[PDB]
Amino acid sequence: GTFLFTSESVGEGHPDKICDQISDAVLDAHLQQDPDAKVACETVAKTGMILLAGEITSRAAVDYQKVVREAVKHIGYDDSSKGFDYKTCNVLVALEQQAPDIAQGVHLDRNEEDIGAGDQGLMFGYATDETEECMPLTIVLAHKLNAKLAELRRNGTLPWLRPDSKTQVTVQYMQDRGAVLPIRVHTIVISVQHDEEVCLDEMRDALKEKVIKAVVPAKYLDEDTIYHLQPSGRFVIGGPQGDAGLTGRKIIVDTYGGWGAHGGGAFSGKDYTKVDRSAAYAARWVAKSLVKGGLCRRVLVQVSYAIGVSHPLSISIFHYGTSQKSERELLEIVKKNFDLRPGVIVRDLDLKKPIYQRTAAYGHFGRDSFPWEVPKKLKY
């Protein structure tokens, strides 16, 4: 019955993640001035360049140079020696108005609850009782390891740390009547960018003692746990230098780390009419409500939409055999407790609030301060 599972996470300096964070900084800037801004901001990062491309219709007046550069500064790129500098990089902007064909078809002249989905697509929600955050342990640990790196970097506990990082966590699992039971951490891989003025031995020791031991519960670590710390050796240069990144290229990392399923839509740079984000958030909220409500131990939720149509086209519940209720009974409960129109989801989850930059690293799910992470008390 046993298996290994591995999830990845990347730090704020990974070029794909730079792009997600910039995209969401641009979104939040619009939303601070215009709660109804329509935003579809894609970011591209490569040697010496950030480019913004997409569609925005907004009453806000946003200084894109400042927003981009300040976000790059926040990430921690302020020098050639690091591979990238917010002060001297190229910032190119190709942002236009949202197509009138789209605007007319989705949101123009409609009451808020009746706003059409901004696009077709499918979205999944997932939850699992194996952690208190109702997330897979592999992806929880991978994200927490990258967050701890950035925390220690920014407060000066390990001042040699730089922004680019990647972590991979392999956990050995047992199964229990469709639930999954994590038993031990099999392997932890951590690669992190660093200043020239530190040796590998010191870094590797710090990674084990100040990062891994601070984050991973001791019960899961044992004599046979494999540690690959700076496995490729030195990593002085990182970020976009000799690399290319794009918004929405870490969607598995952003969600459940390979668990459950994904509908393919990216989250970052998109306002709530883009169901790729708002309905995946709501479906997470549904999944977590079902598990915390004690209706199942593990659950996958699918929803889908058509451009310009307010209501979901389909809703599906898969409980992995972990409920006394049938999947049809759970679906009926979901339909009685949730209204998954984007114009209702927006009110329920407060999705005009400019909190999206916070979502763009360390996973969109599993943190308690977001409204989709507060379970709904269900009536049935």
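Just count from 1 along the sequence shown to find any residue number.
Mean CA temperature factor is higher for 196-204 when stretches 254-262 and 196-204 are set side by side in the entry. Averaged over their C-alpha atoms, the temperature factors of 104-112 and 237-245 are higher for 104-112. Of the candidates 127, 296, 137, 301, the PDB record gives 296 the highest C-alpha temperature factor. The PDB entry assigns its highest CA temperature factor, among 276, 132, 164, 85, to 132.
Looking at the C-alpha B-factors along this chain, the one for residue 214 belongs to the highest third.
Residue 99: CA B factor lies in the highest third for its chain, per the PDB record. In this PDB entry, the Cα temperature factor of residue 9 sits in the middle third of its chain's modelled residues. Annotation for residue 365: C-alpha temperature factor in the middle third relative to the rest of the modelled chain, per the entry. In the deposited entry, the Cα temperature factor of residue 341 places it in the middle third of its chain's modelled residues.
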